[PDB]
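The chain below stands alone and is given as structure tokens, in the form deposited in one PDB entry.
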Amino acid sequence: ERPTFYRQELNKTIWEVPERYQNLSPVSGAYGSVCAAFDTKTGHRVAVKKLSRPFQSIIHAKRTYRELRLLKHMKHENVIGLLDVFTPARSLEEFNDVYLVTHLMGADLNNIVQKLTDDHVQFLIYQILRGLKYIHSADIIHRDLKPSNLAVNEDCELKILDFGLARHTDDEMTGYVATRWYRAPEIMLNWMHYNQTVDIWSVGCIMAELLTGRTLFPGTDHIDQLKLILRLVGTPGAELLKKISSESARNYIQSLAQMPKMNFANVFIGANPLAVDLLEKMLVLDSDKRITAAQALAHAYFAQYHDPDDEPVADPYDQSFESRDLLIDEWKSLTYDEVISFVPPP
């Protein structure tokens, strides 16, 4: 049966939500227009997001469908999942607003990055790689792993956030900005068609920062950041240069004086030698040669947490819709079907 809804004025608009959600209070806009609430059916504090103008254009309608498909698929301890999705509409004809419910995040990794022991670094990076093995097993690329997208609780337990939101703009990536400091060079500079290996570069940047307390590559712009990267890992050899499909980018790279890879034990002074070894296998310029998430879970650095019988993979994820061309009302009807078919977790 359909639940009873009630109305309240929040975040410049009228929110209409099922009675089970009580004590709504606005909560930053990085993940949308969000309120905290108490869910009386489950006893959890939750985040309720009301989508802004979900079906105003073809691009917005497809983005709404993409976010709902991604959140409905993710079922893993180290990844954000969907607790509920609802609309006050009683038919497709009156369908206009979409609301998403997730666990309420308290702190992200920025706040922690506290005096972190090496045991803390082992456990946090282990959980990121466990979640990433699951994400990559469904042929999803995260593209934006960074400390503000990692939720952490009091017991050091971690979840990965940021799925199905708007692609980052050119201006968001300009200058001295954390949204670019964790990006792999081949996607920062559009060297080539990228793949899931970009996410392992991001994990290496995060792990270095937990070990030192400092941003690894805090570039003041794209070019300054590339110079910091190449000083640490060395300039590319002929094998990688061949793979840079952009003739323009390949030509700029060759204008730079050649530099050897640095000694990571002298960069990360005093760190666990096993941590140094793992960083050298993540922060490889040629993405073909980076360690994978599944391979990294078996690295000796994680020996006290690794359990190959408790590192699950995902059900298959059909993303054929991504190459499909549809009208606004066809994306809207697809979204409506996914709202009404949702089944809550056990």
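Under this definition, the rigid core comprises the largest set of C-alpha atoms superposing within 1.5 Å between the forms. A residue's number is simply how far along the shown sequence it sits, counting from 1.
Of the other entries compared for this protein that flank it with modelled residues, all give atoms for residue 251, so not even a third lack it. Per the records, residue 171 is among the residues left out by at least a third of the other compared entries, whereas the shown structure includes it. Missing deposited residues between residue 113 and residue 114: 1 to 3, all without coordinates in the entry. Going from residue 294 to residue 295, the model skips none of the deposited residues; the chain is continuous there. According to the PDB record, 32-40 carries the higher mean C-alpha B-factor of the two stretches 276-284 and 32-40.
For the segment pair 219-227 and 237-245, the entry gives 237-245 the higher mean B-factor, averaged over Cα atoms. Take 192, 178, 256, 262 and read off each C-alpha B-factor from the entry; 192 has the highest. Comparing the listed residues 17, 334, 326, 10, the entry records the largest Cα B-factor for 10. Annotation for residue 143: CA B-factor lies in the middle third of the chain's modelled residues. Ranked against the other modelled residues of its chain, the C-alpha B-factor of residue 46 as given in the entry falls in the middle third. In the deposited entry, the Cα temperature factor of residue 84 sits in the bottom third of values across the chain's modelled residues. Sort the chain's modelled residues by C-alpha temperature factor and residue 204 lands in the lowest third, per the entry. Split the chain's modelled residues into thirds by C-alpha temperature factor. Residue 53 is in the highest one.
Here the subject shifts to the form solved in complex with a partner chain, a form of this protein not shown in this document.
Considering the partner chain in the bound PDB entry, the lone stretch of 79-87, 266-274, 235-243, 195-203 in range is 266-274 [heavy atom distance within 4.5 Å].
A residue is said to contact a partner when one of its heavy atoms sits within 4.5 Å of a partner heavy atom; residue 139 fails this definition for the partner chain in the bound PDB entry, lying far away.
Contact annotation: residue 99 falls outside 4.5 Å of the partner chain in the bound PDB entry, judged by heavy atom distances. In the bound PDB entry, the partner chain sits within 4.5 Å of a heavy atom of residue 112. Put simply, residue 317 is far from the partner chain in the bound PDB entry: not one heavy atom of it is within 4.5 Å. The one residue among 47, 70, 278, 285 whose Cα position changes by 2 Å or more between the shown form and the other one, with the core held fixed by superposition, is 47.
With a cut-off of 2 Å and the rigid core superposed, residue 304 has a Cα displacement that falls short of the cut-off between the shown form and the other one. In the core-superposed comparison between the shown form and the other one, the C-alpha atom of residue 33 has shifted by at least 2 angstroms. When two forms of a protein are overlaid on their rigid core, residues whose CA moves 2 Å or more are considered shifted, and residue 126 is not one of them between the shown form and the other one.
Compared with the form shown, the residue 163-residue 199 C-alpha separation decreases in the bound PDB entry, the change being 3 Å or greater. Look at residue 172 and residue 226: in the bound PDB entry their Cα atoms move 3 Å or more farther apart than in this form.
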